[PDB]
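Colleague: Got a structure for you, questions after.
Residue numbers (the deposited numbering), protein chains in the order written: chain B, 0 to 124; chain A, 0 to 119.
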């Protein structure tokens with residue numbers, strides 16, 4: 000049972016940038032593909048970005064392509080989401096997740112085993 | 000599409016045999032069209048087994064003659080390793096491609112850690 004904890008959420012102005020992180024417990028971080036999802040008010044949870052176990056392949060939702068970049072540091076059991084050119088519509092609770100997919104399926108929530116509690120991101124204008 | 004069901008990890012005995020399970024429930028519409036098993040190779044993976052329309056392909060000398068992927072039960076693509084080596088300790092990936100009625104192809108994979116103990 001891997002535990003995930005998001006950090007770095009908060010308030011940021013539209014057009015600004017914000018960096019989230021997620022720490023995973025345990026000694027098997029490289030056994031997991033890692034992902035970020037988000038859920039805005041009234042909406043269903045949706046995919047944001049994912050990164051392969053090796054840190055060498057990444058995957059993005061069309062909504063955030065170009066603006067958001069996911070990375071990981073396996074030595075630190077951490078995944079990062081660098082969010083640039085923020086828009087009010089990026090406001091949501093952002094969730095970190097871990098699963099045992101390798102190259103495929105990373106945009107689907109069912110491919111993940113473990114979920115963080117989520118961190119609020121609010122983009123104001 | 001069918002869920003690929005695998006244990007999180009498997010432990011085998013050095014110089015013994017072990018199966019790494021990879022099983023899905025067959026689902027109407029979804030025709031299996033490719034199966035691969037891969038192993039980690041530093042910071043990426045390499046194919047160690049492929050099943051396609053011309054059968055099974057195991058072309059590395061280190062594996063040819065000691066890997067068997069289940070073939071008689073639809074949905075069961077488990078890998079069995081004969082004579083485990085200490086260097087077989089690794090992460091193994093089971094990867095299946097299906098085709099749907101409209102011709103779309105769906106690919107899923109799962110990573111299983113294999114541990115190798117020196118004695119029972």
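For every residue, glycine included, the Cβ atom is placed at its ideal position computed from N, Cα and C.
Using 7 Å as the limit for Cβ to Cβ distance, is residue 73 of chain B near chain C?
Modeller: Within the model displayed, chain C is absent; protein chains B and A are what it includes.
Colleague: Using a Cβ-Cβ cut-off of 7 Å, state whether residue 51 of chain B counts as contacting chain A.
Modeller: For the purposes of this step, residue 51 of chain B is taken as the residue at position 52 of the first chain. No - not a single Cβ of chain A is within 7 Å of the one on residue 51 of chain B.
Colleague: Mind checking which residues open and close the beta strand (DSSP E) that includes residue 83 of chain A?
Modeller: Along the second chain, read from residue 1 onward, the residue named residue 83 of chain A stands at position 84. Run containing residue 83 of chain A: none; DSSP gives neither H nor E here.
Colleague: Compare the C-beta of residue 69 of chain A against all C-beta atoms of chain B and say whether one is closer than 7 Å.
Modeller: Against the second chain, residue 69 of chain A aligns to sequence position 70. By this cut-off, residue 69 of chain A is not an interface position.
Colleague: Can you name, in chain order, every residue of its own chain whose Cβ lies under 8 Å from the Cβ of residue 114 of chain A, other than the five neighbours on each side?
Modeller: Here the question's residue 114 of chain A lines up with position 115 in the second chain. 8, 9, 10, 11 and 88, listed in sequence order.
Colleague: At a CB-CB cut-off below 8 Å, which residues of chain A make contact with residue 55 of chain B?
Modeller: If you number the first chain from 1, residue 55 of chain B lands on position 56. Within 8 Å Cβ-Cβ: 42 and 43.
Colleague: I need the straight-line Cα distance from residue 136 of chain B to residue 45 of chain B, nearest angstrom please.
Modeller: Residue 136 of chain B falls outside the range modelled here, since chain B spans only 0 to 124, and no answer is possible.
Colleague: So which residues of chain A does residue 30 of chain B contact, with C-beta pairs closer than 7 Å?
Modeller: Locating residue 30 of chain B in the first chain gives position 31, counting from the first residue. What residue 30 of chain B touches in chain A: 90, 110 and 112.
Colleague: With 7 Å as the threshold, decide whether the Cβ of residue 99 of chain B is near any Cβ in chain A.
Modeller: The residue given as residue 99 of chain B occupies position 100 in the first chain. By this cut-off, residue 99 of chain B is an interface position.
Colleague: Can you list, in chain order, the residues of its chain whose CB lies under 6 Å from that of residue 17 of chain B, leaving out five sequence neighbours each side?
Modeller: Taking the first residue of the first chain as position 1, residue 17 of chain B is located at position 18. Here the set comprises 11 and 82.
Colleague: Just checking: is the beta-carbon of residue 34 of chain B within a distance shorter than 7 Å of some beta-carbon in chain A?
Modeller: The residue labelled residue 34 of chain B in the question sits at position 35 within the first chain. Cβ-Cβ to chain A under 7 Å: no for residue 34 of chain B.
Colleague: Could you tell me whether any Cβ in chain A is nearer than 7 Å to the Cβ of residue 94 of chain B?
Modeller: Position 95 of the first chain, counted from the first residue, corresponds to residue 94 of chain B. It does not: the Cβ of residue 94 of chain B has no partner Cβ on chain A nearer than 7 Å.
Colleague: Going along chain A in order, which residues have a C-beta closer than 8 Å to the C-beta of residue 103 of chain B?
Modeller: Translated into positions along the first chain, residue 103 of chain B becomes position 104. Under the 8 Å cutoff, chain A gives 94, 106, 107 and 108.
Colleague: What residues are listed by DSSP as bridge partners for residue 92 of chain B?
Modeller: Your numbering for residue 92 of chain B matches position 93 in the first chain. Its beta-bridge partners are B:38 and B:119.
Colleague: Give the secondary structure of residue 55 of chain A by DSSP, where H, G and I count as helix, E and B as strand, and everything else as coil.
Modeller: The count along the second chain starts at 1 and reaches residue 55 of chain A at position 56. Residue state, collapsed to three classes: strand.
Colleague: Please look up how many angstroms separate the CB atoms of residue 34 of chain A and residue 95 of chain A, rounded, as I've assumed it's under 8 Å.
Modeller: Working through the second chain from its first residue, we reach residue 34 of chain A at position 35. Working through the second chain from its first residue, we reach residue 95 of chain A at position 96. Their Cβ separation, rounded to whole angstroms, is 5 Å, which keeps residue 34 of chain A and residue 95 of chain A in contact under 8 Å.
Colleague: So, does the region 18-34 of chain A touch the region 56-65 of chain B, judging by three or more C-beta pairs under 8 Å?
Modeller: As far as the Cβ criterion goes, the region 18-34 of chain A does not touch the region 56-65 of chain B, which means the pair count is below three.
Colleague: With distances taken from CA atoms, which of B:14, B:27, B:94 and B:41 is nearest residue 122 of chain B?
Modeller: Looking up residue 122 of chain B in the first chain gives position 123. For the residues B:14, B:27, B:94 and B:41, the minimum Cα distance to residue 122 of chain B belongs to B:14.
Colleague: Measure how close the beta-carbons of residue 1 of chain B and residue 74 of chain B come, nearest whole angstrom, since I'm counting them as under 8 Å.
Modeller: Locating residue 1 of chain B in the first chain gives position 2, where the first residue counts as 1. Locating residue 74 of chain B in the first chain gives position 75, where the first residue counts as 1. No, residue 1 of chain B and residue 74 of chain B are not in contact; Cβ-Cβ is about 17 Å, not under 8 Å.
Colleague: Can you find a heavy atom of the ligand FMN that lies under 6 Å from the Cβ of residue 27 of chain A?
Modeller: The model depicted lacks the ligand FMN and carries no ligand whatsoever.
Colleague: Do you know whose CA, among A:74, A:5, A:0 and A:82, lies nearest residue 61 of chain A's CA?
Modeller: Counting from 1 along the second chain, the entry for residue 61 of chain A is found at position 62. The residue with the shortest Cα to Cα distance from residue 61 of chain A is A:82.
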